[PDB]
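Backbone-built Cβ (ideal geometry, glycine too); neighbour counts: all protein chains shown. FYI, it's all coordinate maths here, none of it is from the lab.
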Amino acid sequence: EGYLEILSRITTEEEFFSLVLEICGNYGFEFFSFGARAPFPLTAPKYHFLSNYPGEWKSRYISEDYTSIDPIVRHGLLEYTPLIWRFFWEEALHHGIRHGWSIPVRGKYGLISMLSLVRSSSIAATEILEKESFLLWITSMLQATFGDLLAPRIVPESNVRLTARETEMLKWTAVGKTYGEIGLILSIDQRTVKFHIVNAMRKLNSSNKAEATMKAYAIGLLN
Amino acid sequence: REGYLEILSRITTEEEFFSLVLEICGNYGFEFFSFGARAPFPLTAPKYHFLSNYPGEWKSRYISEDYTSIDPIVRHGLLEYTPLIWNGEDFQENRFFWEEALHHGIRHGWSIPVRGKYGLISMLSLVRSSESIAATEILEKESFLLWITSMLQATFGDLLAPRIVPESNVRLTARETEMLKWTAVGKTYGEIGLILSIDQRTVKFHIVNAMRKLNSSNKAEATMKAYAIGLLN
Ligand SMILES: CCCCCCCCCC(=O)CC(=O)N[C@H]1CCOC1=O
Ligand SMILES: CCCCCCCCCC(=O)CC(=O)N[C@H]1CCOC1=O
Ligand code: NA
């Protein structure tokens with residue numbers, strides 16, 4: 001092999017863009033789509049994805065906000081297994097996107113990501129059961145680097161540090177404890193509980209303790 | 001693969017699960033193994049479920065001292081998300097931890113963390129006493145191990161979610177699911193009814209039901225429990 005060596009060197013979007021464009025081809029593919037859904041906000045999480053799909057297709061996919069209906073994408077949220085694969089489908093087919101393999105991997109900071117390698121001429125148990133275990137391997141290492149790149153812009157809270165105390169205040173808040181209940185549990189004063197929470201809210205750029213707690217959890221800060 | 005898939009669709013018991021891992025451990029050139037999963041509830045202190053064939057005196061200390069919450073390999077698995085080759089001799093901190101493991105032959109390890117359904121986080125470790133895991137042996141078994149760990153995990157997960165993740169059987173309707181999304185972010189019942197153009201009393205109706213299904217005494221608990229299980233998003 002020789003990819004961890006390329007990655008440990010890669011430090012930009014294009015370097016990632018072209019490092020996948022080569023893997024795309026070196027395994028018989030023309031289209032590639034690496035996507036990543038942030039955990040925030042909960043009510044409309046924001047995806048981020050580079051590709052090489054037809055320009056006309058990129059723009060229209062956004063236009064109608066297809067992320068909220070795309071089955072290739074819904075899978076990447078409920079299932080942890082790879083997937084060899086409505087006027088929506090019709091609108092796509094006629095662009096060169098009908099034959100492709102999507103690989104969903106969970107990553108740091110609660111990021112849910114997917115490598116969807118598509119081609120313009122399908123399934124092959126002798127090609128799948130042949131590259132199956134690699135494709136998956138590549139994907140995990142792709143997402144690792146990809147997150148280390150996106151986390152900055154995409155999950156700005158990723159470099160948040162949480163004091164021991166704040167971590168413990170957030171955990172008891174995750175379970176719905178009032179400032180008063182936490183004190184009796186921790187044998188500590190009330191203004192004390194509020195103090196630490198209020199600090200974490202700020203670092204975590206949240207309007208309130210529930211949003212904070214949720215953001216902290218969603219990122220692994222309470223793990 | 002030689003029908004691991006078949007051997008794995010059969011597995012219905014823990015001891016069955018135990019022997020598959022043990023054969024893999026042996027077949028793949030190691031000596032000890034562990035496999036465990038971390039359930040997400042309660043969020044205050046998640047519980048771990050694991051087995052190994054480590055020397056009995058280490059099993060006992062590992063459980064006694066609650067090492068799941070100290071073991072750096074476990075921290076890596078939760079916090080980063082990738083496979084890791086390690087050598088107990090190398091670590092500079094946690095010597096009280098590492099010396100004792102070195103003492104029992106737990107020196108060269110290969111660990112593969114993975115995420116699965118219901119907020120279950122799992123990890124296979126293959127370990128041996130001598131002969132370090134080198135670039136070549138990895139070049140060879142790496143992909144297979146990463147795959148078999150995905151497999152092993154879905155099993156361990158379907159095999160145990162029941163007692164491990166009690167609220168994992170829960171189903172939420174579109175409305176309950178949206179009330180929780182807005183609750184996670186701290187909206188009140190009044191704000192949610194305005195936001196969705198439905199009566200406050202109905203917002204309440206659905207959250208109360210969502211609370212009862214997820215066995216929570218408060219909407220905040222319910223929301224977070226729902227989140228961890230993948231019910232939201
Ligand atoms: C892991 C959950 C999704 C993370 C974000 C992915 C966004 C990428 C959107 C996308 O292009 C989906 C995709 O690859 N499907 C193709 C196939 C047919 O029509 C498409 O747009
Ligand atoms: C992140 C998911 C973790 C799943 C829980 C698995 C618990 C089993 C922990 C374990 O025994 C790992 C391990 O082998 N640690 C080694 C390292 C040195 O001493 C050990 O016991
Ligand atoms: Na982007």
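Observations
- Long pairs among A:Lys177/A:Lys215; A:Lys131/B:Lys47; A:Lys108/B:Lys117; A:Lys46/A:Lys203; A:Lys108/B:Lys181, criterion Cα-Cα beyond 26 Å: A:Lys131/B:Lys47
- Alpha-carbon centroids, segment A:2-69 and segment B:62-95: separation in whole Å: 33
- Pairwise alpha-carbon distances in segment A:85-223 exceed 20 Å for 61% of all pairs.
- Segment B:161-183 versus segment A:150-207: alpha-carbon centroid distance in Å: 24
- The spread of Cα positions in segment B:2-99, taken along each principal axis and listed from longest to shortest, comes to 42, 35, 28 Å.
- Peptide A:169-176 has a mean shielding of 5, counted as Cβ atoms of other protein chains within 10 Å of each residue's Cβ.
- A DSSP coil position with no more than 14 other Cβ atoms inside 10 Å describes the following GluC sites (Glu not before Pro) in segment A:1-82: A:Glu1, A:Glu64, A:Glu79.
- Within 10 Å of the Cβ of each residue in A:132-144, the mean number of Cβ atoms contributed by other protein chains is 3.
- Across segment B:216-233, rounded Karplus estimates of 3J(HN,Hα) from the backbone phi angles (6.51 cos²θ - 1.76 cosθ + 1.60, θ = phi - 60°) give 10, 8, 8, 4, 5, 4, 3, 4, 5, 4, 5, 4, 4, 7, x, 5, 8, 6 Hz, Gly and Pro being marked x.
- Computed over chain B: relative contact order in percent, which uses C-alpha pairs under 8 Å that are six or more apart: 18
- Per-residue shielding of B:220-233, expressed as the average number of other chain Cβ atoms within 10 Å of the residue Cβ, stands at 5.
- Between B:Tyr28 and B:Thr177, the contour length at 0.36 nm per residue exceeds the alpha carbon distance by 49.2 nm.
- Chain B - convex hull of alpha carbons, volume per residue in Å³: 145
- Per residue convex hull volume, Cα atoms of the protein assembly as shown, in Å³: 165
- Summed side-chain charge close to A:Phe134 - residues other than A:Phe134 whose Cβ falls under 11 Å, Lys, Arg +1, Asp, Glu -1: -3
- Residue order, fewest to most surrounding Cβ atoms within 10 angstrom, among B:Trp110, A:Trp57: A:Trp57, B:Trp110
- Cα pair distances in segment B:164-233, grouped into 5 Å bins until the bin that holds the longest one, percent each: 3, 19, 34, 24, 13, 5, 1, 0
- When the alpha carbon gyration tensor of segment A:80-165 is reduced to an equivalent ellipsoid, the three semi-axes, largest first, read 32, 17, 10 Å.
- The residues neighbouring B:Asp66, those whose beta-carbon lies less than 15 Å from its own, together hold a net charge of +2 under the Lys/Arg +1, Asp/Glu -1 convention.
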